[PDB]
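Residue numbers (the deposited numbering), protein chains in the order written: chain g, 17 to 118; chain c, 16 to 118; chain B, 296 to 344; chain d, 28 to 122; chain h, 29 to 118; chain f, 25 to 102; chain b, 23 to 102; chain e, 39 to 135; chain a, 38 to 134. Ideal Cβ placement from N, Cα and C applies to all residues, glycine included. Here's the structure we're looking at; comments come further down.
Here it is as C-alpha cells:
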C-alpha cells in the first residue's frame with residue numbers, strides 16, 4: 017500500500033500501531049494513508065530547513081544544533097513546538113538592544 | 016447495588032460502563048472503579064467542605080458559585096489543581112496591592 | 296491522423312479518466328481488484344496474478 | 028428526547044452528609060458535574076499512559092492508585108490513598 | 029531486540045530532499061521522537077472527536093479536521109492538499 | 025464593529041484585574057490581544073462545528089476548543 | 023551533603039551568559055539554587071513514582087521522559 | 039465637592055472585586071463575535087450558550103492578563119500601566135513566538 | 038596581555054557560549070545533587086546515566102528560560118543589574134511555583 021500510495025512512511029506499520037492504539041473500535045482503510053501523507057509532509061518541511069542550516073555552516077552531517085536553529089528560524093514551527101525542548105540544542109544567537117556598548 | 020457494598024454515594028456500574036465506552040484500555044479490573052469512586056468522593060467532600068465554610072462567610076444557606084471560587088482559590092493545593100481552570104461566574108479574590116494604598 | 300481532432304476529442308475523456316493511475320503496478324492492482332484475485336492475496340501476489 | 032445524565036443526586040447526598048444545614052444552587056451542581064468529569068478524564072488518561080508504558084492492559088486498582096498520587100498534590104493525595112485503600116478493603120473483605 | 033524505529037524511512041525522505049546530506053544517530057532519535065509525538069497528538073485528537081460526535085470508528089475525515097485543529101493556517105492548508113492528493117491517488 | 029468595547033468597560037476590567045491608573049494606548053493594545061485570542065478560539069470552534077456537519081455553533085464545541093487551548097472552563101457541562 | 027553548593031558560582035554565571043544575562047548580582051545565586059531544587063523535587067517525585075509502579079529497583083531514562091511528558095516540558099532525543 | 043485621586047479608583051476596585059456578573063454587556067460583544075466569525079463561513083447561526091461561554095472566557099482572560107500587567111508595572115517602579123507591560127507579560131506567557 | 042573596561046569579557050562570553058553547544062553545569066556534582074534529593078523519597082536507588090543527563094538537559098532548559106524572562110524583566114525595568122525580585126516577577130507570571 018506504500019506503493020499504492022506512492023509514499024514512503026509505511027502505511028501498514030501505521031495501521032498496526034493504530035489497531036493497538038485504543039482510539040476507536042474500527043479503523044478505516046484510507047485514514048492511515050492520509051496520516052502518513054501528513055507526517056511525510058512535516059518531515060520534509062523540517063528536513064528542508066535542516067538542509068539550509070547545514071548549508072549555512074557548510075557542514076555535511078546534520079547535527080542537532082542545525083535542527084534547533086532550523087526550528088527556531090521558522091515562525092509557524094516555533095508556534096507549534098514552543099513547549100518542546102530538543103536535547104543538545106542551545107538557543108538562537110540572540111543579543112538584546114541595550115546590551116551592546118554604545 | 017455494589018455502591019453500598021463499599022458504602023459510598025457514587026456508583027460503580029456507571030463508572031465501569033464509562034471505562035469501557037471511553038476505550039481507556041481493553042479490560043477493566045474488578046475493584047478499580049470502587050477505588051475511583053472513593054477518590055472522587057473524598058475530593059468533592061473537601062471541596063464542598065470549604066464551600067460550606069464559604070457559605071458561612073457571607074451568611075447564606077444555599078451555595079452560590081462565588082463561594083465555590085473563593086473556596087477553591089483560598090486553599091493552596093486546591094489553587095494548585097484548579098488554577099488552570101477558570102470557573103463561570105467565578106470572579107477573583109478580594110485583592111488589594113498594599114503598595115497602591117494611599118498614605 | 297494527427298489533424299483528426301475528433302479522434303482526440305473523444306479520446307481525452309478516456310485519457311483524463313484513466314489519468315488517476317500513472318504507473319504500472321497500481322494498474323495491475325486495479326485489475327486484480329476485479330480480476331478473480333481472491334482477497335488477501337498480497338499486493339505483489341495480486342500483481343503476479 | 029435523549030435521556031441525558033448528570034451527578035446531581037449523588038453529590039447532593041454527599042452535601043447532605045457533611046453539611047446538612049446547607050443548600051445548593053443547580054448552577055453549582057452543573058459546575059461540580061463538570062469538575063468531576065474533568066477529574067475523571069485526567070485520571071483516565073493517566074491510567075491509559077500507565078497501561079501503555081507498562082506493556083499491559085489489565086487495569087488493577089494499583090494503576091489507579093499511582094495515577095491518584097501523580098495527578099493530585101501531595102497530602103491531599105495521601106488522604107486519597109487512605110480513602111481508596113479503605114474502600115477496597117471494605118468492599119473486598121465483604122461482598 | 030526488534031525495537032522498531034523510523035530510521036530508514038526518514039533516510040529515504042532525506043535522500044529524496046537533500047540527496048547528498050548525511051545525518052547523525054541522535055538527530056535520527058530526535059526525528060523519531062518528533063514523529064511519535066505528532067502521531068500521538070493527532071490520534072488522541074481524533075479519538076476525542078470520535079467521542080465528541082459518538083462515532084465509534086475512524087475514517088480519513090477525522091484526521092483531516094484533526095490536522096485542521098493542530099497546525100495553524102498555511103502548513104495546515106498544505107497538509108490538507110497533500111493528504112487529499114495521496115488519498116485520491118490511492 | 026470593534027468599538028462596542030467601550031473605554032469605561034475596559035476601565036472596569038482594569039479595576040477587577042487590580043490596576044489603579046490607566047494610560048491611553050492600553051485600549052488599542054487590549055483590542056488587539058482580544059481580537060487575536062477570539063480568532064484562535066472561533067477558528068477551533070468552527071473547525072469542530074464543520075466536523076459536526078451542522079450550521080450552528082454549540083456550547084460543546086466552545087468547551088472542547090478551550091480544552092484544546094489548555095484553558096479548560098467549567099460550568100457548562102463539558 | 024551540601025551538594026546544592028555543588029552548583030558553583032561560575033556555573034550559574036555560565037548559564038547566565040548562555041541565556042544572555044550581562045550583569046549578575048550576588049543575591050541571585052542561592053535563589054537560583056532554590057528554584058533548581060524545587061524543579062528537581064517535582065521531577066524526581068514523578069520519576070520515583072514511575073519507578074515504583076514499574077516494580078523495579080532501577081530508574082530508567084524512559085521514565086524520566088514520560089514524567090516530563092506529564093509536565094508539559096517534553097524532551098525529545100533520548101527515546102520515547 | 040471633589041475627592042482626591044485614588045479614592046474613587048480603589049473604592050471601585052473594592053466595589054468590583056465582589057460581583058461576578060459580566061461587564062462587557064451582551065449585544066455589542068455579540069455583534070463583535072459575529073463579525074469575527076463571519077470570515078470563516080457565511081451565515082452561521084448561534085446558540086446563546088456559546089456566546090455566554092466566550093463572554094465569560096474573555097473577561098476572565100483579561101482579568102488574568104491585567105494581573106500580570108499590573109505586577110510588571112509595579113515591579114519596574116511605576117504606578118500606572120503602559121502597553122509595553124502587556125507586551126512584556128505576553129512575551130513571558132509564550133503567546134508571541 | 039592587558040585589561041580593558043568591564044563589558045568586553047561579557048559580550049565575549051555571550052558569543053562564545055551561544056556558539057557553544059554542550060553542558061554548562063558539570064556532571065558529578067549534579068549527579069550527587071540528584072542522589073541527595075532522590076534518597077529522601079526512597080532508599081537505595083540505581084540509575085541510568087542517560088536519565089541523569091536528561092535531568093541535566095531539562096534543568097539547563099528551565100534555567101535558560103527563567104534567565105531569558107528575567108533579562109526581559111530587567112531590560113524592561115531600565116536596569117541591567119538583575120535582582121531577585123525580577124525572578125519573583127518571572128515565576129509569578131509563569132504561575133509555576
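Residues of its chain near residue i, where Cβ-Cβ distance is below 8 Å and the 5 sequence neighbours each way are ignored
| i | result |
| --- | --- |
| residue 82(g) | 66, 69, 70, 73, 75 |
| residue 55(c) | 25 |
| residue 103(g) | 80 |
| residue 62(g) | 83, 86, 87, 93 |
| residue 325(B) | 316 |
| residue 45(g) | none |
Cross-chain neighbours of residue i in chain a, by beta carbon under 7 Å
| i | result |
| --- | --- |
| residue 39(b) | 50, 51, 54 |
| residue 79(b) | 83 |
Cutoff 7 Å; reference residue i; Cβ partners in own chain excluding five residues on either side
| i | result |
| --- | --- |
| residue 98(d) | 69, 70, 73 |
| residue 61(a) | 97 |
| residue 39(h) | none |
| residue 73(b) | 81, 85 |
| residue 38(f) | 46 |
Contact list for residue i against chain b, beta-carbon separation under 9 Å
| i | result |
| --- | --- |
| residue 130(a) | The contacting residues do not exist; residue 130(a) stays about 14 Å from chain b at best. |
Cβ separation of residue i and residue j, assumed to be a contact under 8 Å, to the nearest whole Å
| i | j | result |
| --- | --- | --- |
| residue 82(e) | residue 80(f) | 7 Å |
| residue 45(b) | residue 118(a) | 5 Å |
| residue 103(e) | residue 86(f) | Wrong, their Cβ atoms sit about 20 Å apart, outside the cutoff. |
| residue 112(c) | residue 124(e) | Contact flag wrong, Cβ pair sits at about 18 Å. |
Cβ of residue i within 8 Å of any chain b Cβ
| i | result |
| --- | --- |
| residue 96(g) | no |
Under 7 Å by beta carbon: chain g residues contacting residue i
| i | result |
| --- | --- |
| residue 94(a) | 103 |
Chain-order list of residues whose beta-carbon lies under 6 Å from that of residue i (same chain, five-residue window excluded)
| i | result |
| --- | --- |
| residue 33(h) | 60 |
| residue 17(c) | 27 |
| residue 127(e) | 106, 107, 110 |
Proximity below 8 Å, CB of residue i to CB of residue j
| i | j | result |
| --- | --- | --- |
| residue 81(h) | residue 76(f) | yes |
| residue 26(f) | residue 75(e) | no |
| residue 2(d) | residue 115(d) | In the structure as shown, chain d begins at 28 and stops at 122. Residue 2(d) is therefore absent and cannot be evaluated. |
| residue 49(c) | residue 21(c) | yes |
| residue 95(c) | residue 47(d) | no |
| residue 65(d) | residue 71(f) | no |
| residue 53(g) | residue 87(h) | no |
| residue 107(c) | residue 68(e) | no |
| residue 130(a) | residue 51(e) | no |
| residue 51(h) | residue 98(b) | no |
| residue 98(c) | residue 58(e) | no |
| residue 119(f) | residue 66(e) | Here chain f comprises residues numbered 25 to 102, so residue 119(f) is not present and cannot be evaluated. |
Where residue i meets chain e, residues with beta-carbon distance less than 7 Å
| i | result |
| --- | --- |
| residue 83(c) | None at all; the shortest Cβ gap to chain e is about 10 Å. |
Cross-chain neighbours of residue i in chain h, by beta carbon under 8 Å
| i | result |
| --- | --- |
| residue 102(b) | 61, 64 |
Interface residues of chain g facing residue i [CB-CB closer than 9 Å]
| i | result |
| --- | --- |
| residue 74(a) | Here the premise fails: no neighbours, minimum Cβ distance about 21 Å. |
is_contact[residue i, chain a] using C-beta, thresh 8 Å
| i | result |
| --- | --- |
| residue 114(g) | yes |
| residue 115(e) | yes |
| residue 87(g) | no |
| residue 28(b) | yes |
Residue-level contact to chain h via CB, residue i, 8 Å cutoff
| i | result |
| --- | --- |
| residue 63(g) | yes |
Minimum Cβ-Cβ distance from residue i to chain e less than 8 Å
| i | result |
| --- | --- |
| residue 36(f) | yes |
| residue 44(f) | yes |
| residue 92(f) | no |
Min CB distance residue i to chain f below 8 Å
| i | result |
| --- | --- |
| residue 72(d) | no |
| residue 118(e) | yes |
| residue 91(d) | no |
Closer than 8 Å at the beta carbon, the chain a residues around residue i
| i | result |
| --- | --- |
| residue 126(e) | 109, 110, 113 |
Per-residue contacts from residue i into chain e (C-beta, under 8 Å)
| i | result |
| --- | --- |
| residue 122(a) | 113 |
| residue 106(c) | 55, 56, 57, 58 |
| residue 96(f) | Those do not exist, as residue 96(f) stays about 10 Å from chain e at its closest Cβ, beyond 8 Å. |
Residue-level contact to chain g via CB, residue i, 8 Å cutoff
| i | result |
| --- | --- |
| residue 87(a) | no |
| residue 14(h) | In the structure displayed, chain h extends from 29 to 118; residue 14(h) sits before or after that span and is not available. |
| residue 97(h) | no |
| residue 56(b) | no |
Proximal chain b residues relative to residue i, where beta-carbon distance stays under 8 Å
| i | result |
| --- | --- |
| residue 77(d) | 75 |
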